[PDB]
Amino acid sequence: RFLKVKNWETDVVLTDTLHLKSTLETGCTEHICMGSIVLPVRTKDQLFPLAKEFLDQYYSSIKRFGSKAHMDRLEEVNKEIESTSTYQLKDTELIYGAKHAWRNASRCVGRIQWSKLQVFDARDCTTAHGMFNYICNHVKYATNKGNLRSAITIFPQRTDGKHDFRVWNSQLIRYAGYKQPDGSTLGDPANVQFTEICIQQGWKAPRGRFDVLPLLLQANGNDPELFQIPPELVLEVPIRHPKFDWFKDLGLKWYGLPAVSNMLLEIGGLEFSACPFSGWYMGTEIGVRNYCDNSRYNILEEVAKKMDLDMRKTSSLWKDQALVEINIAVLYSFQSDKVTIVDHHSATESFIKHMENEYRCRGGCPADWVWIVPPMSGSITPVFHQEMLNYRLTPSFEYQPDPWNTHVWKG
Amino acid sequence: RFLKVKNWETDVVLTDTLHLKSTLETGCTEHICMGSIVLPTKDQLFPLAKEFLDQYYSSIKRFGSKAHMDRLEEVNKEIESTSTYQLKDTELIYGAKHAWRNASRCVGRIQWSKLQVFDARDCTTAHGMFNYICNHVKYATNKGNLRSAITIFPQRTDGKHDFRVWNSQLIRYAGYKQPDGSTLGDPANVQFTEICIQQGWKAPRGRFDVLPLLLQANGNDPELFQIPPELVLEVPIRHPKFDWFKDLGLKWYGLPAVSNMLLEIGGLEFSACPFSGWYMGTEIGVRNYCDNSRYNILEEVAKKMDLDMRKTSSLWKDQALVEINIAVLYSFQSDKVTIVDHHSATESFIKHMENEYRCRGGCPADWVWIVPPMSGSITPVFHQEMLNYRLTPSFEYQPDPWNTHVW
Ligand code: HEM
Ligand code: HEM
Ligand SMILES: Cc1cc(N)nc(CCc2cc(N)cc(CCc3cc(C)cc(N)n3)c2)c1
Ligand SMILES: Cc1cc(N)nc(CCc2cc(N)cc(CCc3cc(C)cc(N)n3)c2)c1
Ligand SMILES: [Cl-]
Ligand SMILES: [Cl-]
Ligand SMILES: [Cl-]
Ligand SMILES: [Cl-]
Ligand SMILES: [Zn+2]
Ligand SMILES: [Zn+2]
Ligand SMILES: [Zn+2]
């Protein structure tokens with residue numbers, strides 16, 4: 001079966017066949033679409049087909065499907081599963097797997113870059129101190145003095161589910177949030193709960209607006225431990241505006257390296273519960289979401305006020321005007337300090353090119369429109385009018401519960 | 001079988017029970033989400049009729065009453081004998097209001113129950129259709145103080161006697177391909193414009209030529225009619241800060257009136273059912289003016305503002321976009337023509353949605369269409385999870401009649 005998507009701006013029609021290789025579930029049924037819902041120990045038995053499906057894909061990609069080396073590897077994995085209940089990936093399979101999880105990441109507009117991922121294999125890691133060292137190296141390598149490079153660091157896989165490696169931080173680098181007695185928040189409200197955990201664990205909180213959180217690292221199912229990322233490794237950019245001289249006096253800065261550390265990487269049935277990965281920012285992630293969400297730094301009012309906009313009626317589009325100026329400021333600051341950043345026009349244009357190429361060469365490109373369309377100016381970017389098909393290919397990145405809800409403490 | 005939606009800005013969580021009444025298909029499967037796709041017998045009729053009449057009698061607190069039973073019997077009898085049935089006026093008004101209520105892509109539904117329904121089931125000719133439409137337009141326009149309305153033509157019978165309004169909206173501007181290679185007017189209407197020329201229309205060949213109505217009664221060949229110009233309220237577009245904005249020569253019409261959809265009530269199919277409300281500002285300023293395949297004026301506006309168009313990262317497209325939208329809202333307000341901005345419209349919808357959750361147990365909504373085409377994230381709908389499903393009565397797409405019609 002073939003599925004058609006249409007672009008309503010250009011009338012270009014593409015044909016998807018890759019959806020036939022789809023696996024997991026969307027949450028949707030013929031009766032209900034869950035397209036806008038944010039989130040809607042394995043047996044030997046369920047594991048070998050998963051392994052096989054993965055290794056069949058791996059060996060096709062290297063043009064060795066059905067080769068002696070292919071069968072030998074299937075047999076080797078099969079026996080290892082039977083006698084040990086799990087199996088180890090070759091380095092080459094791991095690299096390929098992490099790259100494909102990104103390639104398959106339907107919410108990611110940045111996928112044109114998928115093949116250039118630097119994979120750091122941390123499967124020899126055994127302690128939280130080991131994790132900390134691996135994470136510092138990742139940070140330094142990815143940052144590259146502002147010339148950012150994609151990377152992922154992969155810690156040992158789940159075994160019985162009692163010995164998990166986890167990074168408790170949702171991102172490697174993020175700012176503390178502190179709820180005050182008066183009900184206000186200092187710093188980033190997204191991180192209040194995790195900040196409190198850190199404090200409870202012994203972190204001495206500076207209690208400022210932009211305090212870099214410490215890492216909270218769990219190795220081998222042990223209790224997690226606190227570590228400070230060396231400050232010289234944390235690249236940050238003061239935010240200023242090219243024409244508004246008062247913008248700098250807002251006191252804003254952001255970190256250059258977005259590094260997601262709470263997701264789970266699934267390859268060939270194996271579960272990597274600590275697999276921090278990083279790229280670089282699209283400007284609206286900072287300018288629209290991090291600054292302008294009401295549940296975040298919430299700076300729209302303060303900026304529009306300084307701009308002396310008419311704020312008595314929403315219909316002046318004062319919020320829209322301020323939003324734009326803030327995003328201009330974020331891009332200007334990054335570019336001036338020579339830190340890699342991408343504007344939403346540029347990122348979406350790239351993504352459409354990526355997507356068309358994927359249809360030709362791969363037979364599809366699963367994509368979640370709700371996430372792909374940028375959070376401002378949606379319609380004047382080339383993704384808005386692009387029909388997309390969302391489905392789940394493995395290898396993949398998945399959500400997992402926050403470890404503070406599931407962890408068994410030892411003391 | 002009891003579904004939760006979260007708002008990620010407020011943490012508020014809501015429970016949907018209304019979806020277990022969902023009926024038609026989404027296009028999606030367990031394996032694949034088609035959420036961003038724009039278009040994904042007597043035996044048939046009676047269950048549909050019964051399903052409808054049951055919800056009607058439930059709504060007027062009369063479920064399982066004699067009058068409920070007898071109506072079900074009456075309709076059953078009429079289907080057996082006639083192969084169809086006629087709605088009571090009360091059923092028609094409820095069906096129409098509920099079709100709007102159930103429109104999952106419409107942000108403006110807080111108004112659903114105030115719809116003014118014009119029953120045009122006695123219409124027999126295209127001239128009749130024209131009279132009914134002019135009346136609808138004048139009533140809805142109301143000298144700028146817009147009121148929602150629908151006008152309902154006779155229902156489908158055998159499918160070779162369909163009433164259709166061939167236009168997509170009652171009021172729209174002509175589209176012309178020029179020897180130049182380019183497009184004068186609205187590129188969205190190029191094809192339909194040629195059908196007008198082909199059927200005899202004297203096109204003025206301007207940028208904002210209000211198209212003639214092209215009407216099909218009783219499955220007959222369609223006919224041309226021009227709406228009285230004094231009934232088409234238009235608004236010149238100016239900016240409250242930029243004096244030069246007027247010289248772009250821009251105007252838009254005040255009345256948005258979708259005329260190409262099909263209204264399904266209790267299995268009955270109303271192929272001609274133009275309905276109208278009033279504009280959300282972004283519809284004109286973002287879509288109609290700024291889509292590349294529409295009036296596409298972004299480049300021109302940015303030039304006038306003297307922005308640096310050398311690189312995308314100056315956000316010149318975004319600056320111009322905002323300004324254009326400010327000017328649309330300003331111009332409509334100054335001429336006292338109803339219009340809503342996207343902040344106001346989405347806040348109203350969030351109020352409505354919560355109302356529907358507590359009183360009806362749910363509100364089908366399609367996030368892809370509900371989130372405005374600019375500044376999505378700073379409106380309260382962006383962070384609102386929504387459930388999309390099909391309830392009946394409904395509005396449905398139907399194919400363009402020139403592909404269907406035989407002469
Ligand atoms: C290199 C430049 C990259 C850019 C510009 C980029 C951009 C984005 C954006 C903008 C989003 C979510 C929409 C939003 O935040 O507004 C996103 C989501 C995501 N990205 Fe990428 N990304 C990049 C690299 C990567 C890498 C290296 C990976 C993994 C190896 C990755 C995996 C993901 C995943 C799994 C999501 C969905 C997250 C979730 O569901 O919460 N991205 N990306
Ligand atoms: C009263 C003011 C109204 C407002 C502000 C409004 C707003 C909107 C908007 C903004 C959209 C599409 C999203 C976009 O254009 O960006 C839409 C779609 C729609 N509206 Fe409403 N509307 C109104 C009245 C009505 C009425 C009176 C009806 C029917 C009685 C209706 C039925 C629909 C339907 C069926 C769609 C989807 C059209 C399609 O799928 O192509 N609306 N509305
Ligand atoms: C590796 C990488 C690089 C890069 N540049 N950006 C990312 C994504 C990071 C991200 C982090 C958070 N906290 C939230 C979102 C979207 C939150 C969201 C989006 C939508 C569309 C709806 C909703 N409710 N929430 C995305 C990853
Ligand atoms: C009665 C009524 C009142 C009112 N104020 N507005 C309307 C909507 C009319 C409308 C007409 C057209 N041609 C296109 C769209 C959206 C086109 C669109 C939206 C999205 C989200 C994606 C896509 N591809 N196309 C909407 C109806
Ligand atoms: Cl972020
Ligand atoms: Cl968000
Ligand atoms: Cl329109
Ligand atoms: Cl559109
Ligand atoms: Zn779906
Ligand atoms: Zn947000
Ligand atoms: Zn558009």
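Below, all heavy atoms of this structure are taken into account, side chains as well, without hydrogens, waters or symmetry copies. Labels below follow one simple rule: chain letters A, B, ... track the order of the sequence lines, proteins then strands, and each chain is numbered from 1.
Among A/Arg42, A/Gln157, A/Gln400, the single residue meeting the side chain to side chain donor-acceptor pair (under 3.5 Å) criterion with A/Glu271 is A/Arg42. The only option from A/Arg392, A/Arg111, A/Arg107 that meets the salt bridge (charged side-chain N to carboxylate O under 4.0 Å, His left out) definition with A/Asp368 turns out to be A/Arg107.
The distance from the CD1 atom of A/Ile152 to the CZ atom of A/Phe397 is 3.5 Å, given to the nearest 0.5 Å. Put simply, CG on A/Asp211 and CG on A/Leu186 are 7.0 Å apart, with the number rounded to the nearest 0.5 Å. Within the model, atoms CZ of A/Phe194 and CD1 of A/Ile197 stand 7.0 Å from one another, a figure rounded to the nearest 0.5 Å. Interatomic distance, CG of A/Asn222 versus CG of A/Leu217, reported as 12.5 Å (0.5 Å rounding). Separating the CG atom in A/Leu300 from the CE atom in A/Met311 is a distance of 9.0 Å, to the nearest 0.5 Å. If you take CE on A/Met355 and CZ on A/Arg362, they are separated by 13.0 Å, rounding to the nearest 0.5 Å.
Side-chain contact check for A/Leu257 versus A/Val139: some heavy-atom pair is nearer than 4.5 Å. With contacts defined as side-chain heavy-atom distances shorter than 4.5 Å, the pair A/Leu24/A/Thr394 qualifies. At a threshold of 4.5 Å between non-hydrogen side-chain atoms, the residues A/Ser85 and A/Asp160 do not count as touching. Counting only heavy atoms from C-beta outward, the side chains of A/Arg103 and A/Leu393 never approach each other to under 4.5 Å. In this structure the side chain of A/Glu93 never reaches within 4.5 angstrom of the side chain of A/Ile267, judged on heavy atoms. Side-chain contact between A/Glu302 and A/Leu250: present, with at least one pair of heavy atoms (C-beta onward) separated by less than 4.5 Å. Within the 4.5 Å cutoff, side-chain heavy atoms of A/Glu236 are placed close to those of A/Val212. Counting heavy atoms from C-beta on, the side chains of A/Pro206 and A/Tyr178 come closer than 4.5 Å.
For A/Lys140, the NZ atom is loosely surrounded, since the number of other residues' heavy atoms within 6.0 Å does not exceed 12. For A/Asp249, the CG atom counts as densely surrounded, since its 6.0 Å shell holds more than 12 non-hydrogen atoms of other residues, nucleotides or ligands. Atom CD of A/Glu25 is surrounded by 12 or fewer heavy atoms from other residues, nucleotides or ligands within 6.0 Å. Heavy-atom neighbours of A/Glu232 CD from other residues, nucleotides or ligands within 6.0 Å: above the threshold of 12. Heavy atoms of other residues, nucleotides or ligands lying less than 6.0 angstrom from NZ of A/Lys179 number 12 at most.
Donor-acceptor pairing under 3.5 Å is lacking for the side chains of A/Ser295 and A/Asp293. Between the side chains of A/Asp164 and A/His407, not a single donor N or O lies within less than 3.5 Å of an accepting N or O. Looking at A/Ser106 and A/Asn390, their side chains do bring a donor and an acceptor atom within 3.5 Å of each other. When only modelled atom types and interatomic distance are considered, A/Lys90 and A/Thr92 share no side-chain donor-acceptor pair under 3.5 Å. There is no side-chain donor-acceptor pair under 3.5 Å between A/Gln113 and A/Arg149. In this structure, a donor-acceptor pair under 3.5 Å is present between the side chains of B/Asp318 and A/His344. Remark: the B/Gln319 side chain and the A/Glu325 side chain contain an N/O donor-acceptor pair separated by less than 3.5 Å.
Scanning both residues, A/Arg240 and A/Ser336, for their nearest heavy atoms gives NH2-CB, 3.5 Å. Shown here for A/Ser346 and B/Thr312, the closest heavy-atom pair between the two residues is CB-OG1, 4.0 Å. Residues A/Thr153 and A/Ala122 come closest through the heavy atom pair CG2-CB, 3.9 Å. The minimum heavy-atom distance between A/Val109 and A/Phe351, with the atom names listed, is O-CB, 3.5 Å. For A/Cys292 against A/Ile326, the heavy-atom pair with the smallest separation is SG-CD1, 3.6 Å. A/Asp337 and A/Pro238 get closest at one heavy-atom pair: OD2-CD, 3.5 Å.
Residue pairs that meet the ring pair (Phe, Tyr, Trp, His ring centres under 6.0 Å) test with at least one member in residues 195-219 of chain A, sequence neighbours left out, are A/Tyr175-A/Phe210, A/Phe210-A/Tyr297.
We find that A/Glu76 and A/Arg73 are joined by a salt bridge, their nearest charged nitrogen and carboxylate oxygen being less than 4.0 Å apart. The pair A/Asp91-A/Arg123 counts as a salt bridge, with a side-chain nitrogen and a carboxylate oxygen less than 4.0 angstrom apart. Salt bridge present: B/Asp308 and B/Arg310 bring a charged side-chain N and a carboxylate O closer than 4.0 Å.
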**Request:** Please assess B/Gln384 against B/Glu9 for the test side-chain hydrogen bond (donor to acceptor under 3.5 Å, both in side chains), listing each intermediate value before the final yes or no.
**Result:** CA-CA 8 Å; B/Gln384 187 61 60; B/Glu9 195 83 287; over 6 Å; no
**Asked** Run the side chain to side chain contact (heavy atoms under 4.5 Å, CB included) check on A/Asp223 and A/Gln201 step by step: do they pass?
**Response** CA-CA 10 Å; A/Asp223 293 350; A/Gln201 294 311 305; over 6 Å; no
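Ring geometry for A/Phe54 versus A/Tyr96: interplanar angle of 30 to 60°, hence tilted. Relative ring orientation between A/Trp246 and A/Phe244 is described as parallel, the plane-to-plane angle staying below 30° on a 0-90° scale split at 30° and 60°.
Between A/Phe334 and A/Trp254, a ring centre-to-centre spacing not shorter than 6.0 Å is recorded.
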